Each structure stands twice: as C-alpha cells, then as structure tokens.
Ligand SMILES: C[C@H](CCC(=O)NCCC[N+](C)(C)CCCS(=O)(=O)[O-])[C@H]1CC[C@H]2[C@@H]3[C@H](O)C[C@@H]4C[C@H](O)CC[C@]4(C)[C@H]3C[C@H](O)[C@]12C
Ligand SMILES: Nc1ncnc2c1ncn2[C@@H]1O[C@H](COP(=O)(O)OP(=O)(O)O)[C@@H](O)[C@H]1O
Ligand SMILES: CCc1nn(CC(=O)Nc2ccncn2)c(=O)c2cc3sccc3n12
C-alpha cells in the first residue's frame, strides 16, 4: 500500500514535532502538496516492518546509526542531493548517512558529549586530561571532586580512550572496514590505562552510573561531568551557574566522542522521491525551516552551516559542534551492537578485577590455566608459612626422593593406571606412612609437578588439595572446599 | 533374510507388489555369492520401487556386480540407492560407473563406509562426468580417500550439470585436497549446493580456499565443517568469505572445530553482517562463557538467523542460560537456540 | 591393476598402437576387466597382447573371451603362466571357436591345463 498523493513523515515525539509540522504546512501553502507528520511510539521498531511492506511514512526521522541497518536490509531510498545542496550542511556530517558509498538520509542535527562544568567551583576547566589529578587534589583540599561521570556506560569513556589514536571501525573510503577494529591498539590501550589509573588514584570510583554523576553535579559536589545536549534540560533545575566546553586533550590530541547525527531518511518503496527531496532540501534544510523546528524543541547543534552561525550566540551549541567536528562519527554498521558489548565488558572489568593488558588478551584466563598457575606458585615453597628462621623460601628443589612401594619401587606417574591387565583403572590411591615420613611433602611436590606440567599432564585437568588439618568434621558445608 | 526359504518367499511377495516405494534388505549369515541374485532380478521390474536400501549388510563386490546388472534394466526406475557399510572395494566402482552411464533414473547414491579408495573414485568419476548421469546426491563419507582423489572429484564438480550434494567427510582430504575441490567449486557455474567436508582434517591454511568458494559460488547453500580443527584463524578466514555480499550460504555447521574465545568476534560479525545465513550450528567447542553473551546481545537487532544457533555440548553459567532463555522468548522467530538444558 | 584403467584410455584413442606387452605385472582379473573396456572399443587396433604371468585366474576369461569375440584386430593372445585352468580355457574356447574370431596365435603356455580342457581346444581347432 503506497500513500500516493501525500507526503507522510514519522518522527520521535521528543523532537520538534510541531515545528516540523509547521514546515509541512508552509510547504503545503507554497507548493499545494500536503505534508502529514505523525509521532508513533517505537517508530524504530514499527518502521522496519512497514518499510518492508511499502506502507508507512515517506520520510523517517531517527538516529543515523539505525538507518545503516535499514540500508543493509534495503528499506531506505537513495537520496540524490547535488553539490549545491551538499555544501549547505557541515562537511563531516555527510559521512553519518553514508552506507557503502551511498547517501541514505539527510543530516538534521548533531549531538556530541561536551564538558559540563560548574562555574561556582571551577570557572576555568583544565585543557589537558593530565591536569585533572592535580585539580582533584586541590579540590579535595576544598572538599570537592574534579571530575565525575558515568563509567558504566562506555559512551562517556570513549572520548578519552580514542584520544590517543584509538578508533572503532576504520573509515577509509566511505565504507567502514568491518575487520579493522581500533579498540585493541596502543591508541586505545594508553587511553584506557590512563582512565583506570585515575580510578586507582581515587579521583573517580569505578561504579559511578548516570544518576550518581548527574546528582553529584546538580548538587554541587563536583566541578564537572560529561554529558550530551539531550541531558541539558535536567541541568537547569539545579540553578547552578553551569557552562559547556570542549573536552581536555591527551598527549596533544583532542578527545573524540561518538558523534550522534539525527537524519531524515526516505522509504525505499515510496514514489515521492522528488517530493520528499524538495521538501527536505529547500524547505526543512533552511534557516527558516530549522527555526520552526528549534522553536518547539531546541535541537542543540544543527547540521546546517548557516543556522549554526546564527545559534553561535549560545556557547553550549558552539561547543557541541566543535566537539562533533573533532569527534568520531558513530558507525552505522550493525556490528556496533557487538562493539558496544565488547567495550561494556572491557571498561568495567578493566577498572577492577584485571589489567588493561589482560582485558584485550582473548580472555586468556580460561580458569584451567589460572588455577594451574595458582597452584604452581602457591606450592613453590615447602611450607609457604611462618617458622623457618627468618621465613626464607626453602625451595622445593630440596626435595629428596622418598621410596614408594606397593603394599620393586614405583613412580609418581602411572600411579592411577590399570594394573597388569583386566582394563581396570584405579580411582582411589592411599599413601600410608609414619608421621614425619613425608606424606605432606610428597603431596605438595606432586601438585607442584602437576602444575608445572611434569606429572599427570593428560590424565587430570584439576587437582584439589584438601588439607585435613583445616577441614573440620562438624562444620556444615557443601562441597565448597573446591573454592 | 536368513535362508533360501526367505529368498523365495520375499521374491514372490515383492514381485507381486505394485505399491512399494522403499525396500530395505538385510542379508544375514547366509553373501559374497549369487545367493541373492534371485531377488535382485525382481527388483529390476518393480515400477513402483524408488528406494533400495542395501546398507549395513555384507554385499561382496560380486554381489554389487549382480546388482549393477539389475540396475541397467530399461524398467529399473530406482531413484535412491543406499550402500553404507556394505564392505565394497574399489573393484565395484567400475560396475557402479557403468550403471551411472546408462541409468537415468538414479538420483541419490550413498557409498559411505566402503573401501572405495582414491582409485575407486577415479573410476566413479568416469560415470559422474558422463552425460545422462542424473545423479544429484553422492555420499563418499569414510571411504579411505586422500587428497589425491580430489583431482577427479573436482572435475566432476566442474562439468556435472546434476551433482549438487557432495559429502566427502571422514577422509584424509586435508588442506591440499579441499584446495583442489575449491579451485573448481569456485567456478560460478558449478552446481554444488551442499558440501559435506565434515571431518577431513582441515586446518586454517585451507580456509582461504573455502572462503574463495563462498565468495564466488552463489549456488552453495550448505557447508558442514564439523570435526575439522579449523581453529580461530580458520573462522577468521572463512568469515572474510562469508561476509562477501554475494555469498548465499544458508547453513554453516561448526561443531568441534577447536574453537576458542577469540573467534566469537568474527562469529558475532557473521551473525549480524550476513543477509544470507539462516543457521549457524556452533557445537562442542570452547566458545567461551562470555563469548556467547555477545551473541545474546547482538541477536536482538533484526538478525536474519532463524534456526539452530548451536551452543550445544557447551557449559554455561546461570546468567548466561538466563540470557539465552530470555532471547528465546523475546525473539520467537529464532526457532530453537538449543542449549544443553 | 590400477594402471589398466589408464592403459584402456590409451587403447580407446591411440589408433597407432599395435603391439602391447603387459607380461609379468600384477594385472589381476580386475585389471583385465578394465583392459577389456579398451580392447572391445572401436578404434583399438591392437593386434598383439601379452598377458603372460599376470596373476590371472579363470574368472578373467569371461572378459577376455568377449574381446576375442568382438575384436576385429586382436590376433595374438598370450595368457600363459597364469591360473587359467581348464574352466578358463573352456570359457575362451566358447568364443574362440567362432568362425569369425580373428585369433591367430594362442599362448596358453603354462596355465595348468589338463586333459579335460582338451575337448574345448579341439572344438576351436576344428572350427
Ligand atoms: C574487536 C577485537 C578483535 C580485533 C583485533 O584485536 N584486531 C587487531 C588485532 C591484531 N593486531 C596485530 C593488529 C594488534 C595486536 C595487539 S598487541 O597488543 O599485541 O599489540 C577484540 C580484541 C579484544 C577483544 C575482547 C577480549 O578478547 C575479551 C573478551 C573475549 C570474549 O570471548 C568476547 C568479549 C571480549 C570483551 C572481546 C571483545 C572483542 O572481541 C575484542 C575487543
Ligand atoms: N625431602 C623431604 N621429604 C619429606 N619431608 C621432608 C623433607 N625435608 C624436610 N622434611 C620435613 O619432614 C616433615 C614431613 O611432615 P609430614 O609427616 O609429611 O606431614 P603431615 O603429617 O602433615 O603429613 C616436615 O617437617 C618436612 O618439612
Ligand atoms: C623414632 C620413632 C619413629 N619410629 N618409626 C618406626 C615405627 O614407627 N615402627 C612401627 C612398627 C610397628 N608399629 C608402629 N610403628 C617411625 O616410623 C617414626 C616416625 C616419626 S617422628 C618421630 C619419630 C618417628 N618415628
């Protein structure tokens, strides 16, 4: 079902809906063709189904990242602006809507994570990330923190991680290189290492979430936090003299926040290609068109070159666009869902529980090896406790071979093997001897030799030591001795 | 059938039958003789018989010769012939080839678990490359084959207008072997649809050859590599092929393939990138307890995968099982995930 | 026997080969079965075939006999030093007796022949 004869627009209700409708109504009066604007809930879930049917809107207003998924499915029409139109919008936003070389949507507005600060505590924010530690120490003397932000959401840590040459997916010729991921290289490692060190130095905790960072800022406990324009509406109620600026540099480079570009896509099945194109190109993407939208709900930084100059009167918007210009276009490839997960489990665990070098190393700790090494280390000393005339390590190389016989001498290896024949293996082996004969020493040597890969390498994956001296008979427990 | 009495009784009833679609025989301690000849002579005239199953019984080469003669009958009409653990040797391949060269009704031939060594293949290929051979499905699983035989199988893949299903797993068709098959399977005109390189000892080295085929051959819909120690590097290379926009592979089976945590990134990429993949049977391998959590998270964004996601024969923690159960309930279009329980 | 397949291919297309000596090779009965494919094929102009001491048994005579029957060019057949006993000779004779058989020289030299098979040879000699 194609809605021929009319132009239909779907947009999130949290956007300048009434304004866009005004642009539509003006368009109608100027051209004679009516434009209908609707704002259904979860349009990002329903649009893909109607677009795949031919039903639904002609124009879709949403984030440019999701549009890449539609483009892969072929649910969006190609847009065909000339250079006369392409040069109207910022030169870096055209990549936001570029899928494998094709343009699939018109950039409308540009979001970025800017630095939000409290002029009452810090009228002069630092220009270098390295200065924050010192700032925090000075503020701590005053009882305030230099910087607090959400560290449980990688979206806000990225600006720093990518600062030293790190990147998500390489963007070379208009197409993202899916197999080339920049979260692993030195540029990312240096950034993350620095961030983790800031946590260890108690400038930031590891568990700050969105609500905590905002509450602390709006309360006056922190000099500054990091956020996007979407949150500005909740920063006025504090009546704090706040400002917005460009984030600090790292080793000479600017931070690189993910840049989220709002764009207007067109339905693949719609015949209203010239109609949708002219609507967006010569009416909406104008200073007057954007004012109609901004009038209802502020767009923050906008894709229009001329409109941003008009809005330069507000430094918050100027800072946002400056950050976006220096930032990284957030890739529109569906592989980002994997990326977001990959960083979510990177930053949180890197902050506490393992090192930043460990984090990227294929989860090399597969437990089996982790335990073997734990055992290898733990049993290097004959006692690994006090009482040795200075507590020096005796060194287990001092072990002198004890005689082992069956109730010819035998070896520690082949100990659990079947006897002469019958294919009958032994599960239980008992080592008997007088107290002081070396029962414990043999057991400790055995575990060390196993951990080092010199005994029972193929037969056992785990050895669990039960020290009968430590295990009581009356204490209730499950088989937690394994822990 | 046990004794001569059973042969004349079975012969009588089968001959006087006008609606038997499938016959399964099981010669017991009687062949390697003409003892069964009397019955095979009946099968030749049964116009309603489409499937003849002679698997898992001793049918010595001489017996296979008798059968082949009975399959050259103008009125044979047998479309499916199953010859599993029959104890056949390369000697019978000559007689099979003769049948393929004239019997235009035979479509599915299963020669698995016979000693049809490389030489035997060389002979079967004579029939397979011959016009009038309409064979579509061929199983050569566990036939004591080596890479040498791929030189002839590859020629069949290149010229056959009819062969679509080729299963050559459980053999020594290692890296060099598959590379030969790939070189010809690569051709856009190859009619190969299902490639059963199940357990051929394949390694990461040859995955570039499989990748090439996946990239170019748009007719290949099913690829089974389970049991090959492909490794993580192997998956990486295969993915490069699978991520190519022209790849049409629908089903990829990867059971124990000596996989580890690293490959999860490439598999995750595969899950969301390919528009063709429908089934990805990751099996008994150490995929990783965190690796699978990435799958859980990404398989929400309108993934095209609908079928088995594997993850069987793999131990997962509580939170992981919960996430997988949640996925199964939230996205019913994914038939079944298939956890261990 | 593995090479017999490739020999057969040559016989099927090489119209110049006249004399082929495959003596003292392990071209068992199966190998003969394959060579006979080429030998029974038109364009095969082979006139002399030596299969002396090739680990053959009487079973192979079923195919050699067919070659003798249909081959327009095979005149020399040497199959001695094999296990082509009485029953094998009888099989060959049943086709060699045909007035149209082109066999000129028959080398049943040392094949374990006995008095029993002599009637079969007698038939061939008479016809
Ligand atoms: C997206 C990249 C993969 C691509 C990559 O790493 N590409 C370049 C590497 C090779 N280079 C030679 C170019 C550089 C060497 C770095 S070196 O530091 O040696 O100089 C890899 C690298 C580290 C990977 C994570 C960890 O595994 C831990 C964990 C394992 C689980 O299962 C799945 C989840 C998780 C969080 C993983 C996600 C993802 O999978 C990451 C980010
Ligand atoms: N080479 C050795 N082999 C065994 N025991 C040794 C050796 N050298 C010193 N010892 C000492 O012998 C004692 C053996 O204690 P043991 O009777 O095995 O302990 P438990 O009663 O806990 O089994 C310890 O004091 C230990 O340090
Ligand atoms: C010197 C005493 C001693 N003797 N023996 C031998 C022994 O116990 N023989 C039998 C025989 C029959 N029944 C019981 N014991 C030890 O083994 C021994 C160990 C540890 S520690 C301190 C002295 C000691 N010790």
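Any idea what log10 I(q)/I(0) is at q = 0.21 Å⁻¹ for region A:84-179, Debye with uniform C-alpha scatterers and no solvent? Scattering profile of region A:84-179, log10 relative to I(0): -1.16. Here the alpha carbons of region B:28-91 define both size measures, Rg and Dmax, at 11.3, 32 Å. Our Cα-only numbers for region B:53-191 put the radius of gyration and Dmax at 14.0, 43 Å.
Which ordering of A:10, B:139 is given by a fewest-first count of other beta-carbon atoms within 10 Å?
B:139, A:10
When the Cα atoms of chain A are aligned to their principal axes, the ranges along those axes come out at 107, 64, 45 Å in descending order. Counting DSSP beta bridges with both partners in the protein assembly as shown, what percentage is antiparallel, nearest 5? Of those bridges, close to 35 percent are antiparallel. Averaged over its residues, how many other protein chain Cβ atoms are within 10 Å of peptide B:282-294's Cβ atoms? Taking the mean over all residues of the peptide, I get 2. Here's the picture: a label point sits 7 Å out from the Cα of residue A:12 along the beta-carbon direction, and within region A:60-79 the residues with their amide nitrogen under 19 Å of it are A:60-71.
Taking the longest Cα principal axis of chain C as reference, the axis of helix C:61-70 is set at about 70 degrees.
Of the residues C:57, C:75, C:114, the one that moves most in a GNM of chain C with alpha-carbon contacts below 10 Å is C:114. Quarter the surface of the alpha carbon convex hull of region A:160-223 and you get the mean projected area, 6.1 square nanometres.
Would you work out if the protein assembly as shown is rounded, prolate or oblate? Take a ≥ b ≥ c from the square roots of the eigenvalues of the alpha-carbon gyration tensor; rounded if a/c is under 1.5, else prolate when a/b is larger than b/c, oblate otherwise. Since a/c reaches 1.5 but b/c is at least a/b, the shape of the protein assembly as shown is classed as oblate. Per residue, the average separation of C-alpha pairs within less than 8 Å and at least 6 apart gives chain C a relative contact order of 22 percent. Compute the angle between helix C:86-96 and the longest alpha-carbon principal axis of chain C, please, reported from 0 to 90 degrees and rounded to the nearest 10. Approximately 70 degrees, to the nearest 10. For region B:164-301, just say rounded, prolate or oblate: build the C-alpha gyration tensor, square-root its eigenvalues into a ≥ b ≥ c, call rounded for a/c under 1.5, and beyond that prolate if a/b exceeds b/c, oblate if not. Oblate is the answer for region B:164-301, as a/c is 1.5 or above yet b/c matches or exceeds a/b.
Neighbour counting of Cβ atoms within 10 Å sorts the residues B:257, C:60, fewest neighbours leading, into B:257, C:60.
Taking label points 7 Å from Cα along the Cα-to-Cβ direction, residue B:33 and residue A:124 give a separation of 11.0 nm. Taking every Cα-Cα distance in region A:1-156 and sorting them into 5 Å bins starting at zero, the pair-distance distribution P(r) comes out as 2, 7, 12, 14, 15, 12, 8, 7, 8, 7, 5, 3, 1, 0 percent. With the helix formula -39500 (n - 2.57) applied to DSSP H stretches of n ≥ 4, chain A reaches a computed 222 nm mean residue ellipticity of -9500 deg cm²/dmol. Can you tell me how chain C classifies by the Cα gyration tensor, rounded, prolate or oblate, using a/c under 1.5 as the rounded cut? Because a/c hits 1.5 or more and a/b fails to exceed b/c, chain C counts as oblate. Return one number: the angle in degrees, 0 to 90 and rounded to the nearest 10, between the long axis of the Cα atoms of helix C:2-13 and the longest principal axis of the Cα atoms of chain C. Tilt relative to chain C: about 70 degrees. Counting other Cβ atoms within 10 Å as a rough exposure proxy, the listed residues A:230, A:158 run A:230, A:158 from fewest neighbours to most.
A short reminder: the numbers here are calculations on the coordinates, not readings from a lab. FYI the Cβ positions are ideal-geometry reconstructions off the backbone, even for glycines, and counts take in every protein chain you see.
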